[PDB]
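A short worksheet on the structure shown next.
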Amino acid sequence: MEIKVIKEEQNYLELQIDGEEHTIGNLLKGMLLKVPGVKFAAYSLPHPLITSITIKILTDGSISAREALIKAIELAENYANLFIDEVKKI
Amino acid sequence: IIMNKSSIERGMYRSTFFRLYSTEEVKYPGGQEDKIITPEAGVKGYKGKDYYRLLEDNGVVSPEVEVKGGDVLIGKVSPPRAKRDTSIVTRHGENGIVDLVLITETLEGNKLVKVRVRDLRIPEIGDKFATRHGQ
Amino acid sequence: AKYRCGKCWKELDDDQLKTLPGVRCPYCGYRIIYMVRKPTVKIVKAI
Amino acid sequence: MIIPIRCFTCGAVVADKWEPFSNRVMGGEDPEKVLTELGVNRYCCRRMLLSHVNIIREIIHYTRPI
Amino acid sequence: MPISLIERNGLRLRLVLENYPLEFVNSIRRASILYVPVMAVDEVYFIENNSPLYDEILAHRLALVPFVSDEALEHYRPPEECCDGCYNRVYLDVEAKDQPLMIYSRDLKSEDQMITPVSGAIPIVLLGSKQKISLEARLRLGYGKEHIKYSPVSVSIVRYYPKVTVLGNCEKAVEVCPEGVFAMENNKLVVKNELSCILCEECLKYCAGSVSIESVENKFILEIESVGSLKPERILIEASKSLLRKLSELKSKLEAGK
Ligand code: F3S
Ligand SMILES: [Zn+2]
Ligand SMILES: [Zn+2]
């Protein structure tokens, strides 16, 4: 993937990701919504003919938006690893 | 309407389009002049060397050959009215594959050549569909 | 050029050097012949 | 012309169930019972077999010479 | 956060997932279709074809034939890291003598013996008298995000976990449920297949006060059905590995910018 920043502050981040679609966007939005300190989080797919998404994060300032995104990625990685561990023993 | 792309990738509503091209070796009564089917040489109405790359030694393309718009399918030179180039080319902006080549004779005895070109059509945004109820 | 006398999908093959009064199958006299597909290898994308 | 390899809706393979199904139905068996025995449970895959027209049998008599 | 098996029947696998978010389960459901590599025909080299079917039609039919790929994910290079070790060759050379002949999937010969068609009874083409075909195809790994011929499953389902409770007694519930959740055992209404409930709520418009229908918030049901190339348990692991790869790449690109 190729990423780029549209608008970044301490409590706001608009991130565009090229080469991604609903699979990662929905997971990241759902993981962000459970990070403490995040006030608003959404993802957008500007055109269905293009494989690109936009992430929009707003926090209260206690945590950075980039830090919240990294925490959400860590949460998703923990879930994926636990799923891999548990599928091997069914 | 909204249509499934995976259904189309599995072969649903795919189509083929066919087109036909024909010649005839006209034998003029006046002066015993006649046309001949052959790869055109450096003659009055030449089009370019790379437009005749697909013709065989008898002046007609072979089956299972990809053609583009402007490519020559049958080579033909006509009696003067020097000899003039009267070849038949693929129409503008219509690619395809040569499907059938037929060589026969008319009642008079003139050579008759028919070439069929096929084009594959896969459903895309902008295509029309209808039901048996007028929708 | 290599042709094929067409009475069905396939019949005896004939070549261009066989010169006759007109276009006809030498073996059976039929008046319609077809060009064969050249043995050049063709690459088709499987989409 | 010939039976499709996969169902159009889902990706299940239906081409290998055409000969048993058609052979048994023209033998006098119930199409629904034959389809259930063969493992074709979704109606998307059942319409694939219940509506196929075998045209290649007629076309092999008129193949292009080339 | 456990995983419970419901049923394992051939190419189908059904599971119960507890304490997982719906976003993760749906991402697994999508990744098992889009990001699992499978061997499939990429292109075909034709020498001759007298069959009623054109070259493109035969190429598409061959590309839609599944191949066994379980051992090919460690001996071949995936399309993410693009010859030997990349492609495999499969041959087909047939001819009919005097009567029509049907060509099946058992007529395809592979140079590598661990990559074979899943079923040998798939009809490829019907040949007339004296017609012949001789071709050569090349197989490579690929993802269903590029073409659906590379997908390893047919259906992929995630649905809510049902909770069916019988409050009173009514004979209409057995009549109106399309899933057969209820039955009559000794003149009373009982629940036989609770997990087969699809939350239709058709029972609530007839047995309004006799039946209670809810969904468990933290539980989900996952169904996948393999097509033959890979076993159902390998697909669920490959999907999670693809998710991990994408997440790690995104995390590295993010941390390399602050
Ligand atoms: S009628 Fe049927 S499947 Fe579910 S909620 Fe009501 S039971
Ligand atoms: Zn003949
Ligand atoms: Zn189906």
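Whatever order the structure lists them in is the order used to number ligands and atoms, beginning at 1. Values below: every heavy atom of this structure, side chains too, minus hydrogens, waters and symmetry copies. A note on names: the letters A, B, ... follow the listed sequences, proteins ahead of strands, and every chain is numbered from 1.
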I'd like to know if atom 6 (Fe) of ligand 1 has an N/O/S atom from E:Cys177 within less than 2.8 Å of it, counting both backbone and side-chain atoms.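 No, E:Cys177 does not qualify, because none of its backbone or side-chain N, O or S atoms lies under 2.8 Å.
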
Heavy-atom distance under 4.5 Å between the side chains of [X] and [Y], does that happen here?
X        : Y        : answer
C:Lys10  : E:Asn50  : yes
E:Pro37  : E:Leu73  : yes
E:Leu22  : E:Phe220 : yes
E:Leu199 : E:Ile213 : yes

Those atoms of ligand 1 less than 4.0 Å from some heavy atom in [X]:
X        : answer
E:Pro178 : 2 (Fe)
E:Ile198 : 3 (S), 4 (Fe)
E:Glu202 : 1 (S), 6 (Fe)
E:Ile213 : 5 (S)
E:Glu201 : 5 (S), 6 (Fe)

Which protein heavy atom lies closest to atom 6 (Fe) of ligand 1, and at what distance to 0.1 Å?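 In this structure, atom 6 (Fe) of ligand 1 has E:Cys203 SG, 2.3 Å as its nearest protein heavy atom.
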
Considering heavy atoms of the protein only, find what lies nearest to atom 3 (S) of ligand 1 and give residue, atom and distance to 0.1 Å.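 Answer, as residue, atom name and distance: E:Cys200 SG, 3.1 Å.
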
With rounding to 10 degrees, what does the angle C:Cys28:SG / the Zn ion (ligand 2) / C:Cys5:SG come to?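 The SG/SG angle about the Zn ion (ligand 2) sits at 90°.
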
Look at C:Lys2 together with C:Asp13 and state whether they make a salt bridge at an N to O cut-off of under 4.0 Å.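 Salt bridge: no.
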
For a distance under 2.8 Å, tell me if C:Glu11 has an N/O/S atom near the Zn ion (ligand 2).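 It does: C:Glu11 brings an N, O or S atom closer than 2.8 Å to the Zn ion (ligand 2).
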
Answer side chain, backbone, both or neither: which part of E:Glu179 comes under 4.0 Å from ligand 1, heavy atoms only.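 The side chain, only.
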
E:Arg106 charged N/C atom sitting above E:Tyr104 aromatic ring, 6.0 Å / 45°: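 Pair E:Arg106/E:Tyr104 counts as cation-pi.
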
With a cut-off of under 6.0 Å to the ring centre and 45° to the axis, is B:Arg118 in cation-pi contact with E:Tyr54?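 Yes.
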
E:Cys197 N/O/S atom closer than 2.8 Å to atom 4 (Fe) of ligand 1: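 Here the distance criterion (N, O or S atom, under 2.8 Å) is met by E:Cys197, so yes.
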
CD1 of B:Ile37 to NZ of B:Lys111: how many Å apart, nearest 0.5 Å?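 That separation rounds to 5.5 Å.
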
